[PDB]
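Notes follow once the structure below has been shown.
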Amino acid sequence: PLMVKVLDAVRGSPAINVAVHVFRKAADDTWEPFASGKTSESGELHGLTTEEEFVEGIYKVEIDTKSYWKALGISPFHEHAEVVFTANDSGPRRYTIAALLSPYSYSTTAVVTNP
Amino acid sequence: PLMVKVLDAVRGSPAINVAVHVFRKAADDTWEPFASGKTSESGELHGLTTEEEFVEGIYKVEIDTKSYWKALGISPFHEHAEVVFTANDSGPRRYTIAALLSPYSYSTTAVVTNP
Amino acid sequence: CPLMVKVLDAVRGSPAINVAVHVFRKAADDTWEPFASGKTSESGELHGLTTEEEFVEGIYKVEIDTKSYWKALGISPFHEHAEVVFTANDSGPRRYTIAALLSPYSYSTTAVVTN
Amino acid sequence: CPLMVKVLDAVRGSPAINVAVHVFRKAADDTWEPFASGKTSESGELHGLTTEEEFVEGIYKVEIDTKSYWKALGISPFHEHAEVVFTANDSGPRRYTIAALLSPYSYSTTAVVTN
Ligand SMILES: Oc1c(Br)cc(/C=C/c2ccccc2)cc1Br
Ligand SMILES: Oc1c(Br)cc(/C=C/c2ccccc2)cc1Br
């Protein structure tokens, strides 16, 4: 029920091997690690979680954009791109979080579907 | 070798039933109709052309954003979103043209791959 | 002046300076006629394109010479240019800012319309 | 002042007015400490956050209260807020504008860094 897709606006290509960390806000208001992975050759990251595991909550998807641009030898502006949202509060949904990256800019969007 | 994908930033959903017209610049510098179609329930439009047909040239992909927002009962700013590019000039490539729409804004990106 | 164009560079994190911009108005025969042009300043802005008297209701196209901009920086871009096509409407607010954010394979644009 | 934040609304084509913005600086213990805050003006801009003397090199986070903005307009948004996290570096240019373009399910941000 959670997928992340990352594109590179400079190359005109998927952003491959981008690290992604997902957190969920805990009872005590701290960010607990939830899941993590790397985008594939398609710029997609699948398999982060299951419908059982992905309960209601406030989630933070951290896309490690600085590490991505540095691995490419470029000095970018942002430390990371974060997307913070409440999920599954009217029941289970499927979420795609897409991000389009440039060295000094990013854009993100969500696609939310009801299975 | 040509796909168009359109997302809606207001709904958080694919932009469905968006009309798309493709033109190719002719010998005489006019825009000749090349192909057209509508996005599906996934916001994707497949099947516009073939690798034989999609020769080198300058192409214009016109995404009919006004008609999309009007069909939804909304008065938007732009008449359409255009993406104009040279294609296949170093041999055949696969192109995805993605666009993310709001009533007073759009963003577009290209993903170009070599099969 | 009721129309201003602002262009930014997402790669360098700067105003896009000395970008040619041409504005056209749609004529009764559906051709585009030249209306105004200039080059962006050091702030990435192009002021003084027109006056209230001249800027009547109608369909306008703002063409931004993105290809020359990228080539002058030694970067190969995807698009031939960026175009923004819209209707000016006297029942809306009176001042239009057309803003564009440029990357080699992507651009984003928005309108800020105010009184 | 070396730091300005500008927020725009992609749905209405306007400045995003009276949006709360909080700036934090990363402390030696890795916690975020409050640094500056304010509300955007009628132009969507927040000036006067800090001074040159106070704005030393370091990691800063700009948090934008997008959720309250959309709810005040009667719109259900996706994100809890928008955050922009970056390093201020004295070897780069001296003035930082953080610009954000808001839609209910999307946002785009860019940095314009100039001398
Ligand atoms: O499967 C795709 C593809 Br192909 C492109 C996108 C493009 C997303 C995007 C475009 C402009 C600004 C922000 C995100 C999203 C998804 Br989902
Ligand atoms: O005066 C400005 C500044 Br400074 C930045 C912008 C940024 C616009 C923008 C940001 C993200 C995507 C598309 C456009 C617009 C204006 Br009018």
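In the structure tokens, chains take the letters A, B, ... in the order shown, each chain's residues start at 1, and ligands count up from 1 in the order shown.
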I need the residues in segment 9-78 of chain C that are alpha helix (DSSP H) according to DSSP; give them as a list in words.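 Selection result, alpha helix (DSSP H) within segment 9-78 of chain C: residues 66, 67, 68, 69, 70, 71 and 72 of chain C.
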Neighbouring residues of ligand 2 are defined here as those with any atom at most 9 Å from a ligand atom, counting only C-alpha atoms and all ligand atoms; list them as a PyMOL selection string. (chain A and resi 105-107) or (chain B and resi 105-107) or (chain C and resi 4-8+15+43+45+97-102+107-112) or (chain D and resi 4-8+10+15+45+97-102+107-112)
Please produce a file of those selected residues containing C-alpha atoms, as a tab-separated table (two decimals), in the first residue's frame.
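So the final result, stored in part_11.tsv, reads:
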```
chain	number	residue	atom	x	y	z
A	105	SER	CA	14.50	22.24	-6.27
A	106	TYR	CA	12.10	19.36	-5.82
A	107	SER	CA	8.44	18.71	-6.39
B	105	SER	CA	-0.19	25.74	-12.45
B	106	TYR	CA	1.34	22.73	-14.15
B	107	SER	CA	4.63	20.90	-14.10
C	4	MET	CA	5.28	40.34	-15.63
C	5	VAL	CA	7.29	37.18	-16.43
C	6	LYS	CA	9.75	35.63	-13.98
C	7	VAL	CA	12.10	32.77	-14.80
C	8	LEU	CA	14.16	30.73	-12.31
C	15	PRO	CA	17.31	33.70	-11.46
C	43	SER	CA	16.53	39.17	-11.04
C	45	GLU	CA	12.13	39.24	-14.17
C	97	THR	CA	2.73	37.27	-13.02
C	98	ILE	CA	3.75	34.26	-15.09
C	99	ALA	CA	6.49	32.38	-13.24
C	100	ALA	CA	8.55	29.52	-14.70
C	101	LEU	CA	11.03	27.18	-13.01
C	102	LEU	CA	13.43	25.54	-15.41
C	107	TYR	CA	9.62	22.91	-16.22
C	108	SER	CA	6.98	24.08	-13.86
C	109	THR	CA	4.84	27.17	-14.29
C	110	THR	CA	2.30	29.04	-12.21
C	111	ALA	CA	0.21	32.20	-12.47
C	112	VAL	CA	-0.06	34.69	-9.62
D	4	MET	CA	13.16	35.29	2.74
D	5	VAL	CA	10.31	32.77	2.35
D	6	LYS	CA	7.66	33.07	-0.36
D	7	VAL	CA	4.56	30.90	-0.60
D	8	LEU	CA	2.16	30.68	-3.58
D	10	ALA	CA	-1.51	26.84	-7.29
D	15	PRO	CA	0.03	34.49	-2.99
D	45	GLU	CA	6.37	36.82	1.37
D	97	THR	CA	14.91	32.92	-1.01
D	98	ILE	CA	12.96	29.75	-0.24
D	99	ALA	CA	9.92	29.60	-2.52
D	100	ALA	CA	7.05	27.10	-2.20
D	101	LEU	CA	4.13	26.42	-4.53
D	102	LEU	CA	1.22	24.71	-2.83
D	107	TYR	CA	4.09	21.02	-3.35
D	108	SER	CA	7.09	22.24	-5.21
D	109	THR	CA	9.98	24.17	-3.72
D	110	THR	CA	13.05	25.92	-5.04
D	111	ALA	CA	15.93	28.00	-3.67
D	112	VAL	CA	17.06	31.23	-5.32
```
From the options C:70, C:78, C:55, C:96, which residue's atoms come nearest to chain D, counting only C-alpha atoms? C:96
List all protein, DNA and RNA residues that have any atom at most 8 Å from ligand 1, counting only C-alpha atoms and all ligand atoms, and write the list as number ranges by chain. A: 5-7, 96-100, 106-111; B: 5-7, 96-100, 106-109, 111; C: 108; D: 106-108
Would you put the residues from that selection into a file with C-alpha atoms, as a PDB file, in the first residue's frame?
```pdb
ATOM      1  CA  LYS A   5       8.839   6.972  -7.205  1.00  0.00           C
ATOM      2  CA  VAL A   6      11.711   9.424  -7.832  1.00  0.00           C
ATOM      3  CA  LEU A   7      12.654  11.065 -11.158  1.00  0.00           C
ATOM      4  CA  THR A  96       2.154   6.635  -4.235  1.00  0.00           C
ATOM      5  CA  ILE A  97       4.559   9.333  -3.293  1.00  0.00           C
ATOM      6  CA  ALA A  98       6.308  10.730  -6.376  1.00  0.00           C
ATOM      7  CA  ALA A  99       9.175  13.207  -6.375  1.00  0.00           C
ATOM      8  CA  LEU A 100      10.959  15.041  -9.165  1.00  0.00           C
ATOM      9  CA  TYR A 106      12.100  19.363  -5.820  1.00  0.00           C
ATOM     10  CA  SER A 107       8.436  18.707  -6.389  1.00  0.00           C
ATOM     11  CA  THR A 108       6.327  16.053  -4.797  1.00  0.00           C
ATOM     12  CA  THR A 109       2.845  14.712  -5.281  1.00  0.00           C
ATOM     13  CA  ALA A 110       0.670  12.005  -3.818  1.00  0.00           C
ATOM     14  CA  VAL A 111      -1.658   9.642  -5.576  1.00  0.00           C
TER      15      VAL A 111
ATOM     16  CA  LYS B   5       0.915  10.429 -17.974  1.00  0.00           C
ATOM     17  CA  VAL B   6      -1.188  13.129 -16.259  1.00  0.00           C
ATOM     18  CA  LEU B   7      -1.829  13.510 -12.506  1.00  0.00           C
ATOM     19  CA  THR B  96       7.401   9.440 -21.225  1.00  0.00           C
ATOM     20  CA  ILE B  97       5.908  12.845 -20.877  1.00  0.00           C
ATOM     21  CA  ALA B  98       4.440  13.336 -17.396  1.00  0.00           C
ATOM     22  CA  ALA B  99       2.386  16.305 -16.246  1.00  0.00           C
ATOM     23  CA  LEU B 100       1.025  17.304 -12.859  1.00  0.00           C
ATOM     24  CA  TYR B 106       1.338  22.727 -14.146  1.00  0.00           C
ATOM     25  CA  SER B 107       4.632  20.903 -14.100  1.00  0.00           C
ATOM     26  CA  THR B 108       6.005  18.622 -16.734  1.00  0.00           C
ATOM     27  CA  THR B 109       8.937  16.284 -17.027  1.00  0.00           C
ATOM     28  CA  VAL B 111      11.816  10.472 -19.030  1.00  0.00           C
TER      29      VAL B 111
ATOM     30  CA  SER C 108       6.980  24.079 -13.858  1.00  0.00           C
TER      31      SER C 108
ATOM     32  CA  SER D 106       1.447  18.400  -3.959  1.00  0.00           C
ATOM     33  CA  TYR D 107       4.089  21.017  -3.355  1.00  0.00           C
ATOM     34  CA  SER D 108       7.088  22.237  -5.215  1.00  0.00           C
TER      35      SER D 108
END
```
Pick out the chain C residues within 7 Å of chain A. Count only C-alpha atoms. Give them as a PyMOL selection string. chain C and resi 10-13+103-106
Nearest candidate to chain B (options A:90, A:75, A:42, A:67; using only C-alpha atoms):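 Of the candidates, the smallest distance to chain B is held by A:42.
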